[PDB]
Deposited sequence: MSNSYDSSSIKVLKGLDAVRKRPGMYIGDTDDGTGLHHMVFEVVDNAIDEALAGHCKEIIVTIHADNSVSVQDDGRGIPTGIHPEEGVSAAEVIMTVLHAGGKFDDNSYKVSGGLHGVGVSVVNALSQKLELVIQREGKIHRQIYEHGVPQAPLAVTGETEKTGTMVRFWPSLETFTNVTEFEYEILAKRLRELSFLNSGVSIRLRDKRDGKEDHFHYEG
């Protein structure tokens, strides 16, 4: 039931993205993709587990958001029969849910560090290539989401603008005293640190 429901939700978002992420021509939807993923990292900070968020603009026009929180739970739900992480990445929940970013990404990479293991999963248009898998051991904890926005969905403004991410991250750091945000642009080495 869940599998059918999930695919219906992905289809819904790709068919009417304006209802979920906003305008797909003028860059507002595109930048909103980053801000949704960051809002999830900020929740993990607000719960008191994440101290540092790192937002990176990569040279291939993907964006990663790294937190140093607990790591999304990885245990297979008895019910849905896939990792708790995969449910969070794929089930449809301002505040539109990461499954919307995933639906509208050509590719999404999830890396979770939790209970001494690295877990990794790759998505394409919100669909998992394979179940979440352990790739190594680690002493660290946290969640990293890197996504490549679908050029089927986004036109015209397709490249992230440093200033637009900077303004919003600075604003989120003002609203959430104590959270520390790094923004780094791999295209030219620019970086900023936002903290109130």
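Missing C-alpha coordinates mark the following deposited-sequence intervals, in order: 1 to 6, 100 to 115, 219 to 220.
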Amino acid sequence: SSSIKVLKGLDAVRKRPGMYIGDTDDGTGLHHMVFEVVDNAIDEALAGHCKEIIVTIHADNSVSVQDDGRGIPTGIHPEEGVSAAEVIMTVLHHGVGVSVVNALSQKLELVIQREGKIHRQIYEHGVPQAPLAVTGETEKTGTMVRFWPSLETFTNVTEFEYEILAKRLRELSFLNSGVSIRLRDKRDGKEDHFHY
From here on, numbers count along this sequence of modelled residues.
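Where the other entries of this protein model the residues before and after it, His94 is dropped from at least a third of them. Look at the C-alpha B-factors of 30 to 38 and of 133 to 141. On average they run higher in 133 to 141. Per-stretch averaging of Cα B factors for 43 to 51 and 63 to 71 places 43 to 51 on top. Annotation for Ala85, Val111, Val101, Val91: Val91 ranks highest, by Cα B-factor.
When all modelled residues of the chain are sorted by CA temperature factor, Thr155 is found within the highest third.
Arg120: CA B factor in the middle third of modelled residues in this chain (values from the PDB entry). Annotation for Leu172: CA B-factor lies in the lowest third of the chain's modelled residues. Among the modelled residues of the chain, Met19 sits in the highest third by CA temperature factor in this PDB entry.
Among the modelled residues of its chain, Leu183 has a C-alpha B-factor that falls in the lowest third according to the deposited record.
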